[PDB]
Structure formats: structure tokens, C-alpha cells
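What shape does this take:
(chains A, B and C, ligands or ions: 10)
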Amino acid sequence: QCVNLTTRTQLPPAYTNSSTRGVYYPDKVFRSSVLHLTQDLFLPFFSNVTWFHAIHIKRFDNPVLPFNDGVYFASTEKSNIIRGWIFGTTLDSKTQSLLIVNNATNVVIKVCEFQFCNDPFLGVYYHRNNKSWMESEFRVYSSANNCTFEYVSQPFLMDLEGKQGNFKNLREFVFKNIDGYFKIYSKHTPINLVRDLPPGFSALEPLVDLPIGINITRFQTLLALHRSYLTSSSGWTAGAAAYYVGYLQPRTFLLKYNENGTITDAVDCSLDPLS
Amino acid sequence: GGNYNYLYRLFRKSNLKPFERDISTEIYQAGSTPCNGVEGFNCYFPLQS
Amino acid sequence: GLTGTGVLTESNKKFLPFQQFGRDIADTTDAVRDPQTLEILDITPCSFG
Ligand SMILES: C=CC1=C(C)/C(=C/c2[nH]c(/C=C3N=C(/C=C4\NC(=O)C(C)=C4C=C)C(C)=C\3CCC(=O)O)c(CCC(=O)O)c2C)NC1=O
Ligand SMILES: *[C@@H]1O[C@H](CO)[C@@H](O[C@@H]2O[C@H](CO)[C@@H](O)[C@H](O)[C@H]2NC(C)=O)[C@H](O)[C@H]1NC(C)=O
Ligand SMILES: *[C@@H]1O[C@H](CO)[C@@H](O[C@@H]2O[C@H](CO)[C@@H](O)[C@H](O)[C@H]2NC(C)=O)[C@H](O)[C@H]1NC(C)=O
Ligand SMILES: *[C@@H]1O[C@H](CO)[C@@H](O[C@@H]2O[C@H](CO)[C@@H](O)[C@H](O)[C@H]2NC(C)=O)[C@H](O)[C@H]1NC(C)=O
Ligand SMILES: *[C@@H]1O[C@H](CO)[C@@H](O)[C@H](O)[C@H]1NC(C)=O
Ligand SMILES: *[C@@H]1O[C@H](CO)[C@@H](O)[C@H](O)[C@H]1NC(C)=O
Ligand SMILES: *[C@@H]1O[C@H](CO)[C@@H](O)[C@H](O)[C@H]1NC(C)=O
Ligand SMILES: *[C@@H]1O[C@H](CO)[C@@H](O)[C@H](O)[C@H]1NC(C)=O
Ligand SMILES: *[C@@H]1O[C@H](CO)[C@@H](O)[C@H](O)[C@H]1NC(C)=O
Ligand SMILES: *[C@@H]1O[C@H](CO)[C@@H](O)[C@H](O)[C@H]1NC(C)=O
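Numbers count the residues shown, from 1 in each chain, chains lettered A, B, ... in the order given. Ligands and ions are numbered 1, 2, ... in the order given. What follows is the structure:
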């Protein structure tokens, strides 16, 4: 049931600083008040991140991006628009692929043989008689077979209302693929701002290490699409969210651990002579 | 009579990464001519029993 | 599985939920969460100089 959309306004890409963001815990040990120098894959300070947005002026961005050495993904949004990711090497039935999707009731992680659509997306419909927003579309993949790893969580229910205002949620993820392990580090911050990433400091903690054992070179982002009576392949409305992507590089860092065992500051040992 | 239910991969483009699994059954191209998804001369099935 | 020698004495600290061992500046064993009765009792050296 794959559908390829038509209404899309052309727009040049945008680039942004990285500030001091995208640092994670490299070990699970509890250390207190320790200045530790390490060498690992990190996001360089004040690097060049790429900007994509979904606003409605017909902007709906979900291209295929490389996965050279693990990525840093930042999402600024007020409503739940960004729904997940797909990782792979060719994104067709010839090779295995990984899919992480929140379908508003459960979060699903599957490593199968997928046949992905050209423009994968999720959908939400708005009803005026009872003013309800409900999930009504899963136009992601056509077929799935020869699956190896499958995981679904406990059921829940989240809000799908298209609220209007400022971006109240910033979510940061670091994705790595080492020795057959897909490592995901995550962090969440509440904000009240618009149009840009807040400069500051990140404190991403480990989230999951999935033993999937596949080969990953490309990835794509799966968003949500709004449909209502105000509007097929043209009768749709975008939301309001933004996501920034950056690539990790082999660097040397100097991490600082406070008395509570938390990372509070870091120094990138490649930026300026003072560092 | 022979048990033929166990298989192994004979040809690949490059060596595997540690703890990596590959179950694709694409036709391997040994020669310079393209295989076009069919077996023949210098075009072998990657798995054997 | 962590073996050692010393004198056992009650004390207190706090751990993150996915953390069990806590080291020192000298990279020795400071703190450990007891498995049966979930407490945060630690260890002190025995020999006196
Ligand atoms: C896609 C994978 C995905 C992951 C790994 C995930 C993890 C995750 N999301 C949470 C909250 C949440 N998760 C979301 C939503 C999201 N947060 C996201 O990572 C993304 C992409 C959304 C979707 C837009 C929201 C809104 C909450 C807060 C719910 C609450 O506070 O009750 C929590 C805290 C729940 C708890 O501590 O009991 C975890 C661990 N959520 C996900 O949806
Ligand atoms: C809110 O209104 C919508 C629109 O009628 C309801 O969706 C209908 O649900 C029934 C079954 O529950 C279906 O038979 C209809 O086909 C649905 N309508 C459409 C247009 O698809 C929805 O159930 C309502 N939500 C409530 C009452 O909580
Ligand atoms: C979308 O979320 C729903 C949960 O509402 C998932 O539904 C599961 O469906 C299978 C088969 O129909 C059942 O065995 C499960 O019990 C359902 N889960 C529940 C009720 O929590 C559904 O799998 C999700 N979509 C995808 C693609 O995974
Ligand atoms: C993981 O997938 C990538 C993408 O297909 C593989 O890289 C290709 O390898 C072939 C074989 O030599 C080359 O002809 C291509 O030019 C490569 N493409 C790119 C983009 O690098 C890679 O070999 C795979 N990993 C392993 C271990 O086989
Ligand atoms: C877009 O989707 C349509 C219908 O799903 C399909 O026929 C078409 O080939 C797709 N576009 C491309 C470039 O494949
Ligand atoms: C980032 O990349 C773009 C294009 O690759 C380039 O024009 C720009 O100078 C780079 N640096 C910054 C800080 O945007
Ligand atoms: C970083 O600061 C601002 C945006 O935060 C930008 O204009 C400036 O050029 C950046 N400096 C760099 C990339 O050195
Ligand atoms: C992959 O799918 C094909 C088609 O059903 C099947 O013949 C083959 O045995 C499957 N391979 C594995 C490893 O599951
Ligand atoms: C460590 O955590 C405790 C518990 O909330 C808190 O009271 C204390 O302020 C924290 N330490 C620092 C330096 O913030
Ligand atoms: C047995 O295991 C339980 C479960 O954690 C624990 O509370 C208890 O202290 C352990 N020991 C005994 C003697 O029950």
C-alpha cells in the first residue's frame, strides 16, 4: 500500500552548529569526582550538523542518509511527529534491515527482511464531530519475511493532539553499530523555544544494546502525517517539528565526573589551543 | 542416504565483521560479465550443502 | 565473584540503578551493593602500618 506524495515545495538545505552536545557514558562503572581522559568516537564540538524540518511551505523531509560511523540525532518538537527510524544497507528484500517504530500504542523493534516503501510514513486522522486524533495509517513497508529479532513493549496510550505554540520537547539520540551490537544512547529535555537547537551541554546515558548482528550503512526517519477534512497522494497536511543530524568522528575527550557519578563537563582535545 | 539440511556460504565479496550474520542469497559474480540474477558460467549460488 | 580480604563494616552511599561496583581514586574496590539484603555496605582495609 505504498504511496508516493506529490505536493512538496523545493527548499535548499540548512546547516547549524553543534555547540557542546553529543557526549555519552563510555563505561557503566560508578566513578566519583574523576577527571578521565579517553579516546573514542565522539561528536566534535561546534561541528556542522544538517537541519531538516516538517512545517506547513510544503515541507516534509525524510531522505536516506549515510551511517558512516554512528550518528547523533536531535529532535525538537511540541507534538509527537517523529515516530522512528529504519536502518539498513540497501532497504529492499535482498538484505536484512532494522525497524524502530512507535505506533502510538507500542514501540516495536524488528530485524527482518523488509520491502520498504519509497516514501514511508505514519498517519493520524482528525475528526471534528468528537475532535479526536487517532492513528489510521502504517504506510511503512509492503512485505516482511525471514525475520530474526523481534521485540514489542507493554501497551500504552499517548497524546496525538496537534498542539500549537513553541517546541516543548528536545530528544537526543546517539546510534552506534559495534561488533554486532546496536548501541542506543538517549536523553530528554524540556524546553521553551523555537527555530534552533539550544546551545548547552548534553548528558546522554545508555539506553539499549540490541544484539542484531547486521551491516548498516544507510538510514531513514519515519514521521507522522496529519489528515483532516481541511484537505490520497495530495490530500494531506504536515505537522511542525525539526530534526538535526550529525556524524561521529574519532576524537580524544576529557570527561569530568562529579560526586554523584554524573558527567557535568567535557573538553574536546582538538578545538582550539586553549582546550 | 545423505543428510543435506545443513548449509554453508562459499563465496562472498569481503570478510565478515565479528558477530555478523549474512543470509542473503544473491548470485555471486566470479567473472567480469554481469550475472543478471541467473546462474551460469562464472555465476554461482553462494550457499552449498 | 569478587574476592578480597579485609574487615566488614556498615556504611552508606547511593547507586544509580544499573550500577553495582564503585571504584576509588587508586582504582581499588570501594563500594558494592549486597545481593541478598539489598544494602550498600562497603569494605575497609585490615592491615595497619
Ligand atoms: C522511538 C523509540 C522510543 C524509545 C526508545 C522510547 C523510550 C522512552 N520514552 C519514554 C517516555 C516518552 N516517550 C515519548 C515519546 C517519544 N520518545 C521517543 O523516544 C520518541 C521518538 C517519541 C515519540 C515521539 C513521550 C511523549 C514520553 C513521555 C511519557 C510520559 O512522561 O508519561 C520513556 C520513559 C518511560 C519510563 O521511564 O517509564 C522511555 C524509556 N520512547 C520511544 O518512543
Ligand atoms: C470519534 O469519531 C470518529 C468518526 O466517526 C469515530 O470513528 C468511527 O468509529 C466507528 C467504530 O468505533 C467506525 O465504524 C467508523 O467507521 C469510524 N468513523 C470513520 C469516519 O472512520 C470514533 O470512533 C470516535 N471516537 C470515540 C467516540 O471515542
Ligand atoms: C501497533 O500497535 C499495536 C498495539 O495496539 C500492535 O498490536 C499487536 O498486534 C498483534 C497481532 O495483531 C497482537 O498479537 C498483539 O497483542 C498486539 N499488541 C498489543 C495489543 O499491545 C501492533 O503490532 C503494532 N504495529 C506493528 C507494526 O507492530
Ligand atoms: C556492508 O554494506 C556495504 C554497502 O553495500 C558494503 O560496502 C560495499 O562493498 C562492496 C564489496 O566490495 C563494494 O563493491 C561497494 O563499493 C561497497 N559500498 C560502499 C558504500 O562502501 C560493505 O562491504 C558491507 N560490509 C561487509 C563486511 O561486507
Ligand atoms: C511511488 O509509488 C507508486 C505507487 O506506490 C509507484 O508506482 C512508483 O513507482 C513509486 N515511485 C518510484 C520512483 O518508484
Ligand atoms: C557546513 O557545510 C556547508 C555545506 O557543506 C558549508 O557551506 C558551511 O560553510 C559549513 N559550515 C558551517 C558552520 O555551516
Ligand atoms: C557557532 O555560533 C553561531 C551559531 O550558534 C554561528 O553563527 C557561528 O558561525 C558558529 N561558529 C563556528 C561554527 O565556529
Ligand atoms: C528466506 O525466505 C525464503 C522464502 O520463503 C526461504 O526459502 C528461505 O529458507 C529463507 N531463509 C532463511 C534463512 O530463513
Ligand atoms: C546529588 O544528588 C542528591 C540527591 O538529590 C542531591 O541532593 C545533590 O545536590 C546532588 N549533588 C549535586 C552536586 O548536585
Ligand atoms: C532472597 O531473595 C529476595 C529477593 O530479592 C531477597 O529480598 C532476600 O533478601 C533474599 N534472601 C533471603 C534469605 O530471603
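
can you pull the contacts of whatever residue of the stretch 51-200 of chain A ends up closest to ligand 5?
Distances between the stretch 51-200 of chain A and ligand 5 by C-beta to the nearest ligand atom are smallest at residue A:118, namely 4.8 Å. Every C-beta, even on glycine, is put in place using the N, C-alpha and C of the backbone. Applying C-beta atoms under 8 Å, 6 or more residues apart in numbering or on different chains, we find residue A:118 in contact with A:2, A:4.

Swap in 10 Å and give it another go.
Shown in contact with residue A:118 (C-beta atoms under 10 Å, 6 or more residues apart in numbering or on different chains): A:2, A:3, A:4, A:5, A:91.

again with residue A:16
Neighbouring residues of residue A:16 by C-beta under 10 Å, 6+ apart: A:47, A:48, A:49, A:50, A:51, A:74, A:196, A:197, A:242, A:244, A:246.

so the most centrally placed residue in chain C bridges to which residues?
In chain C, the centroid-proximal residue (C-alpha atoms, centre = their mean) is residue C:31; its distance is 2.7 Å. Beta-bridge partners for residue C:31, by DSSP bridges, are residue C:22, residue C:42.

which ones are touching it?
Neighbouring residues of residue C:31 by C-beta under 10 Å, 6+ apart: A:30, A:32, C:11-15, C:19-24, C:40-43.

In PyMOL, how would I select just the buried ones from those?
Command for PyMOL that selects the buried part of the contacts of residue C:31, burial taken from 16 or more other C-beta atoms under 10 Å in any protein chain shown:
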select buried, (chain A and resi 30+32) or (chain C and resi 22+42+43)
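
Now find how far off-centre stretch B:1-13 is within its chain.
10 Å (C-alpha atoms, centre = their mean, to the nearest Å).

and it, anywhere near ligand 4?
Yes - Stretch B:1-13 lies within reach of ligand 4 by C-beta under 6 Å from any ligand atom, at residue B:13.

and the end-to-end length of that stretch?
With C-alpha to C-alpha, to the nearest Å as the measure, stretch B:1-13 spans 34 Å from end to end.

Same check on stretch A:3-22?
Taking C-alpha to C-alpha, stretch A:3-22 runs 35 Å from one end to the other.

in it, what counts as buried?
For stretch A:3-22, by 16+ other C-beta under 10 Å, it's A:16, A:18, A:19, A:20, A:21, A:22.

Where strands are concerned, which of those count?
Using DSSP state E, the members of the buried residues of stretch A:3-22 that fall in strands are residue A:16.

hmm, back to that, could the contacts of residue A:16 be laid out in a markdown table, adding secondary structure?
What follows is the contacts of residue A:16, written out as a markdown table (DSSP: H, G, I helix; E, B strand; the rest coil):
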| residue | secondary structure |
| --- | --- |
| A:47 | coil |
| A:48 | coil |
| A:49 | strand |
| A:50 | strand |
| A:51 | strand |
| A:74 | strand |
| A:196 | coil |
| A:197 | coil |
| A:242 | strand |
| A:244 | strand |
| A:246 | strand |
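
most neighbours, which of these?
Most neighbours among the contacts of residue A:16, by other C-beta atoms under 10 Å in any protein chain shown: residue A:242, with 25 neighbours.

which ones are touching that one?
If you count contacts by C-beta under 10 Å, 6+ apart, residue A:242 has them with A:14, A:16, A:51-55, A:59, A:61, A:74-77, A:81-82, A:167, A:170, A:194-197.

Helix or strand: which one has the residue of the stretch 51-200 of chain A closest to ligand 5?
For residue A:118, there is no host helix or strand (DSSP states H and E).

I'd like the distance between the residue of chain C found nearest ligand 9 and residue A:166.
Using C-beta to the nearest ligand atom, the closest approach of chain C to ligand 9 is made by residue C:14 at 7.1 Å. Using C-beta to C-beta, to the nearest Å, residue C:14 is found at 35 Å from residue A:166.

again with residue A:200
17 Å.

Of the contacts of residue C:31, which fall within the contact range of ligand 5?
Among the contacts of residue C:31, not one lies near ligand 5 by C-beta under 6 Å from any ligand atom.
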